[PDB]
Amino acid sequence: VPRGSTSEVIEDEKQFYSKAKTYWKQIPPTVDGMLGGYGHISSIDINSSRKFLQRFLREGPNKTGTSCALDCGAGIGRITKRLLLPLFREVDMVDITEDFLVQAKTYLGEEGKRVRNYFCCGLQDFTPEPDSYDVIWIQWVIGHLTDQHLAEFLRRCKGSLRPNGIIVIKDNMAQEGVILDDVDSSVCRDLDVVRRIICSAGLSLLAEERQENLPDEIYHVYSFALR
């Protein structure tokens, strides 16, 4: 029987979070650090993210705005730099690892002057301001939250969207079940599990897309656009 929830795989919630914080504290503040040695795929990723996002920026009644985005688990700001700052007037970043947010000030360069808030906080402890963001971007971090905390964080994100705003989750997906990585202290969930959590947060899918052109050996990656 596959496991269907984090409650079947996490021995100790406090250790699940503390071990992950210790893991990221020892990763270099570089794109290759953010991407687990796959820094070279960054451009494939950003190009696909941009095309996925631009779906929602078309003129019409539901056009997503371009005033402010939130980059969740932003790290040094790879996505903030290459995807979000060029499209949004301001961007906020949230990440648990202070040293990454410090490095971001260098990494982002001149355009980083349009980063407004640098929040050093776990997502599980973060309440974004109501009615603040056009796009909330959550990439390669949801596996660091328990199911309960991910559901709650998505509920708080829903409350922080502007009119026509969206949440985007982009992450690894397991073929089946819920799989623990005890080295970095994270989980990989199958598409049914992720969809269950999104539904439980009172969100609906606008779109779902598999990332193409990835190395054959890694977990498949999907993007979801939600409101």
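Start at 1 with the first residue shown and count on from there.
On mean C-alpha B-factor from the PDB entry, just flag whether 46-54 or 175-183 is the higher one.
So the stretch with the higher mean C-alpha B-factor is 175-183.
Compare the mean C-alpha B-factor of 123-131 with that of 110-118 as given in the PDB entry, and name the stretch with the higher value.
Result: 110-118.
Comparing recorded Cα B-factors across 37, 165, 159, 202, which one is largest?
37 has the highest C-alpha B-factor of those listed.
Just say lowest, middle or highest third for the CA B-factor of residue 41 relative to the other modelled residues in its chain.
Highest third.
Residue 93's Cα B-factor: lowest, middle or highest third of the chain?
CA B-factor rank for residue 93: lowest third.
Chain thirds of CA B-factor: placement of residue 85
For residue 85, the deposited C-alpha B-factor lands in the middle third.
Entry-reported Cα temperature factor of residue 27, expressed as the chain third it lands in:
Highest third of the chain for residue 27's C-alpha B-factor.
Can you tell me which third, lowest, middle or highest, the CA B-factor of residue 79 falls into for its chain?
Lowest third.
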